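Observations on the three-dimensional arrangement
Spelled out, the chains give:
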Amino acid sequence: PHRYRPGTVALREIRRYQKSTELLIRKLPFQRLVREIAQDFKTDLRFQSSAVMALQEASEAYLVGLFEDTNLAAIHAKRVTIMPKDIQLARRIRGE
Amino acid sequence: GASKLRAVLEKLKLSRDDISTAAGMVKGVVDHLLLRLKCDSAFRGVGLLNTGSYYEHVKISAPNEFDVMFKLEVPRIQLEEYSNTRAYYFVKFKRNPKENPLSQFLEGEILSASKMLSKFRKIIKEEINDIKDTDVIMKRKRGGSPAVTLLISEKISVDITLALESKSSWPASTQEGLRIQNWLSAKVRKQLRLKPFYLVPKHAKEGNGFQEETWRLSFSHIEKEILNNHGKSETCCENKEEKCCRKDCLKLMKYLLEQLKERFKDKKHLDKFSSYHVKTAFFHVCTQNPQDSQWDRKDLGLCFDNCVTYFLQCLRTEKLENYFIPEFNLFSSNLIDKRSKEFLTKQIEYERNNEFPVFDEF
Amino acid sequence: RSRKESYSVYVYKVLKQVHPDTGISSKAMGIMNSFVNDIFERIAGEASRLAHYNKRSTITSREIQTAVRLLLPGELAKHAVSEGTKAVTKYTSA
Amino acid sequence: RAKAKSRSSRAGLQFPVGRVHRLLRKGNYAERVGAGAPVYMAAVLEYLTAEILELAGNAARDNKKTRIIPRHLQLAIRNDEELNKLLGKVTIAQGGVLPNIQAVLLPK
Amino acid sequence: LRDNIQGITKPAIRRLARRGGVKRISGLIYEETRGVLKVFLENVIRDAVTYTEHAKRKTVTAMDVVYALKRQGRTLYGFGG
Amino acid sequence: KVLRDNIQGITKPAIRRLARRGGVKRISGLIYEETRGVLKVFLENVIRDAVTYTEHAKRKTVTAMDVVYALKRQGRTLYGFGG
Ligand SMILES: [Zn+2]
């Protein structure tokens, strides 16, 4: 019954995801999210597949940058676990 | 003609089975030295080039003579050729925002070979005096290719070369070098050129003088890779089915020169010749004879004779192109005088006409 | 057919001077094209302002130079200035 | 007519000069473009292009490659402090991020 | 085509967090993250729609997305530009 | 004549007053130095751009507009001193 301890795997995933470039969010789901938002402005709207990808990459890039700052806030707070408030602080400082 | 040569080759290898302890003493000294260099702000990033080894024997007949290289990374460099020498350059640094710790060796824009070598041996000197179990004495420096020569007890000498490492694409002057395309293949050539090249502190030796802060291009790591990957099959010689005599011929060529240099070390005719000249000629002969069947082990006798002939031709015509830097003539009259070449030519021809007696006499 | 412009050909050439033995993916090229158009617009945009601010109808090598100093940071800005200053000096001398 | 010659070659540049001269008059940025304006600019664009490609090329070599991919551009830009800033707001398609892991997250 | 914010799977969220260097994630993050992602998308998509509409089109192109992102201090390279 | 150490011209009460306006109740002794090292960077960036604009215009005296452009370039606009 071999196991790897808590944090060993978490660090591993961090390593890998920092390294790789691929999209982490599933595509059909993301695409639909875009549309649901879009339909609130306008029905019968269309997207190029490249437009959806462009949105997805920007969206992930945004969240990752947000998570980096969130992580720093949690560390500042002497904590490894990030909480909703750490996100909120980072955003606020950024002017949101 | 191969049988006598085989006995020599076996003899030369076997003389090194005793070395493991000598290599140990060298390692002891080197590891010790690297700690100090790592403490020094200028050499903090220093390490061995031939990773995994504390020994590399340039001379086949000198098992007690060691050669090691200490490399130092230079993250971006601009080379400026010195006076059309083709192999010697001034080293300057490119834009680098952060502090570059090698700044202390700068002289104006140029990285001073003189300062680095002077300080390199100064650091090692102070540090060897902290080697307590082994007696290590430093030699006074003369040239710049070996930065430091260490004398270990009464048997072992160690030549230490300092080299800058650059991971940029090789300079255009190397574009036509590493002429292995017809020998080891164009694809090996391409693979090797994705690797770094090195620069060793070296004054621009010339007709009647020299430049103090020049650096010379070095591909010693490639030379090692080639010697151990001398076949276009690339595993040729790691299996007896594919045993060629390239490596054997080179050892014999090195041995011939070394034996003659020892023989005539007193007449000084041969002091300026080295295994590198032999090795360069050798790579060219391999280039001239790219097929393993032109090096069948059974033909060591004739293969070696043909290798010798090419080397003799190089001596006589005063031409030996650097294998990596084709415009760099190692046998130029500016580096080696004709007398030495005629003498070596004559001595080799004598040896060859008498089945190389110098191979047995000592 | 309609036709599109890019710097793909010029990017290749530059790559050869820095790395004669390497190539570039179509994406990296697309990125370099996005890059060039971005920098161009900024410099031209700032140069536009300088011409306006200083009451001119013309952009000269100076407006380009100043725009470079304002947009680029530290030393990177400098090499761009050195090369530009030279290129003009040279162009009229070549 | 005298023989026509390309200006990029003339200025010692690879980047087009006549075109930049032109592009500088578009978007309505200035009524007029001076003769030295595009020459100065073409040199700048080429310089910056070289810096990115060189650093990216080094990244390609670090990864034992014979070419630049979007990732190498990202690594190059970010590792170089001044380019990191020039393009500090730029999102690179498939750039990924630098492998920066906070020390406090690591065990002994 | 409803609450497609739930199409953003939990692992998908965690992986982004990991890429950002996040080692541990509170159980309340998933929802909070969504409340932020959604706003981001809303701002970008809407501008893209605005540009699309201005141009009298129905299909949003990569360029319309690029303009939308651009102006928020976010040039995106790779889709043209 | 050359000037120097006017970073100290930003006195302790001055830093505290700024901090207080910002809602800061209690200030660690090391803040003073830390704050100055940040103020300084801000000033360096704005002044430099103002100078750069001034030099472009081939003037010696820096005007309000040169400062305004400098601040706008850094993205912090200022009203009432020109525009
Ligand atoms: Zn072989």
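Judging from the entry metadata, cryo-EM is the method by which this structure was determined, and 4.1 Å is the reported resolution.

Per the PDB entry, chain A carries the name Histone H3.2 and comes from Homo sapiens. Word for word, the UniProt comment on chain A under Sequence similarities is "Belongs to the histone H3 family."

1. Examining the coordination of the zinc ion
Residue and element names in this part refer to chain B. For the zinc ion, the protein coordination sphere consists of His230 (NE2), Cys236 (SG), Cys237 (SG) and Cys244 (SG), at 2.0 to 2.3 Å. Coordination at the zinc ion is tetrahedral: its 4 donor atoms span angles of 109 to 110° at the metal. Ordering the donors of the zinc ion by residue number gives the pattern H-x5-C-C-x6-C. Here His230 is found in the loop between α5 (220-228) and α6 (246-263), whereas its partner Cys244 is found in the loop between α5 and α6, with 14 residues between them in sequence.

2. Quick notes on the interface of chain E and chain D
On the chain D side, the residues contacting the 10 residues of chain E number 8 residues. In total, chain E and chain D occlude about 770 Å² of area from one another, counting both sides; carbon and sulfur atoms represent 62% of this. Where chain E packs against chain D, one counts 0 salt bridges. Viewed at the interface, chain D and chain E are joined by 4 residue pairs in polar contact. In this sheet, strand β3 (residues 76-77) of chain E lies alongside strand β3 (residues 91-92) of chain D in parallel orientation, the contact comprising 2 bridges. Its bridge partner lying in β3 of chain E, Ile92 of chain D is registered against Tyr77 of chain E.

3. Some thoughts on the pairing of strand β10 (residues 197-201) of chain B
Here is the key point about a regular strand: its side chains alternate between the two faces of the sheet. All names here are of chain B. By the criterion of burial, β10 is predominantly enclosed, with 5 of the 5 residues buried. Burial along β10 is two-sided: the face carrying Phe197, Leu199 and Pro201 and the face carrying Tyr198 and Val200 are both buried. With 3 bridges joining them, strand β9 (residues 156-166) and β10 adopt antiparallel strand pairing. Paired with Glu165 across the two strands is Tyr198, which belongs to β10. The pairing of β10 with strand β11 (residues 214-218) spans 4 bridges and is classified as antiparallel. Bridge pairing in β11 links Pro201 to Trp215.

4. Re the nonpolar core
Formed by 118 residues in total, the largest nonpolar core has its most connected members in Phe43, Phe70 and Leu150 of chain B. Mapped onto the domain boundaries, this core takes at least three residues apiece from domain 1 (1-14 + 170-196 + 219-362) and domain 2 (15-169 + 197-218) of chain B. Counting residues in hydrophobic clusters, the runner-up holds 66 residues, among them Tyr7 and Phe35 of chain C together with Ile52 and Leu55 of chain D.

5. Overview of the environment of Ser153 of chain B
All names here are of chain B. In this structure, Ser153 sits in the loop between β8 (148-152) and β9. By relative accessible area, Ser153 is classed as partly exposed at 46%. Separated by 19 residues in the primary sequence, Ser153 and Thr134 place their C-alpha atoms 7.3 Å from one another. At 2.9 Å, the side chain of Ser153 forms a polar contact with the side chain of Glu154.

6. A word on the interface of chain D and chain C
Taken together, the contact between chain D and chain C spans 51 residues of the former and 54 residues of the latter. We note a salt bridge from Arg22 of chain D to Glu5 of chain C, for which the minimum N-O separation is 3.2 Å. Where chain D meets chain C, there are 19 residue pairs in polar contact. Put simply, the parts of the chain that give the side of chain D that touches chain C at least two residues each are α1 (7-10), α2 (18-23), β1 (32-33), α3 (37-62), β2 (67-68), α4 (70-79) and α5 (81-86) of chain D. Class assignment of the residues belonging to the side of chain D that touches chain C gives a composition of 30 nonpolar, 8 polar and 13 charged. Sheet topology places strand β2 (residues 58-59) of chain C next to β1 of chain D; 2 bridges connect them, and they run parallel. Bridge pairing in β1 of chain D links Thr58 of chain C to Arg32 of chain D.

7. Observations regarding the pairing of strand β2 (residues 65-73) of chain B
Residues and elements named next belong to chain B. Bridge count for strand β1 (residues 47-48) against β2 is 2 bridges, and the pairing is antiparallel. Counted as the bridge partner of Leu48 is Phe70 from β2. The pairing of β2 with β9 spans 9 bridges and is classified as parallel. Bridging from a neighbouring strand, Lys71 pairs with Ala163 of β9.

8. Some words on the pattern of salt bridges
Residues and elements named next belong to chain B. Across all of its chains, the model carries 46 salt bridges over all chains by this definition. One salt bridge in this structure joins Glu56 and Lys224, with 2.9 Å as the shortest N-O distance. In this pair, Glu56 sits in the loop between β1 and β2 while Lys224 sits in helix α5, placing the two residues 168 residues apart along the sequence. When the shortest N-O distance is used, the salt bridge between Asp305 and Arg352 registers 2.9 Å.

The rules we used
- Keep in mind that residues are numbered from 1 along each chain as the sequence reads, not by the entry's scheme, and that residues without coordinates are left out.
- Here every chain gets a letter starting at A, and every ligand a number starting at 1, in the order they are written.
- Bear in mind the chains here are only a fraction of a larger assembly, and the values reflect that fraction.
- Side-chain metrics in this entry use all non-hydrogen atoms of the structure; hydrogen atoms and water are not considered.
- UniProt positions are given in the numbering used here, feature names are shortened, and annotations may be inferred rather than shown by experiment.
- Donor atoms are limited to N, O and S found within 2.8 Å of the metal ion, a distance that becomes 3.2 Å for Na, K and Ca. With water left out, some sites might look partial.
- All geometry calls rest on donor angles, where a four-donor set with angles between 85 and 135 degrees is tetrahedral, four- and six-donor sets with opposite donors more than 155 degrees apart and all others between 65 and 115 are square planar and octahedral, and all else is irregular.
- For the purposes of this entry, the term helix denotes a DSSP run of H or I that reaches at least four residues, the term strand denotes a run of E that reaches at least two, and both are numbered from the N terminus.
- By definition, residues are in contact when any of their heavy atoms lie within 4.5 Å.
- Defined here as a combined quantity, buried area equals the accessible surface (1.4 Å probe) lost by two parts on assembly, summed across both.
- Definition used for salt bridges: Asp or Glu carboxyl oxygen within 4 Å of a side-chain nitrogen of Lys or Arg.
- Polar contact is defined as a pair of N or O atoms within 3.5 Å, subject to the rule that within protein one atom must be able to donate a hydrogen and the other to accept it, and that residues adjacent in sequence are counted only when both atoms are side-chain atoms.
- Following DSSP output, two strands are said to pair if at least two bridges run between them.
- Only protein chains enter the accessibility calculation, which uses a 1.4 Å probe; a residue whose area is less than 20% of its type maximum is buried, one above 50% is exposed, and one in between is partly exposed.
- The set of buried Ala, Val, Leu, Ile, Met, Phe, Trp, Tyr and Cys residues whose side-chain atoms join them within 4.5 Å is what this entry labels a nonpolar core.
- Domain start and end points were adopted from an automatic or database domain assignment.
- Each residue is assigned to one of three groups, with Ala, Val, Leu, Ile, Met, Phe, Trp, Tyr, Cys and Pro labelled nonpolar, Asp, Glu, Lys and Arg labelled charged, and all others, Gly among them, labelled polar.

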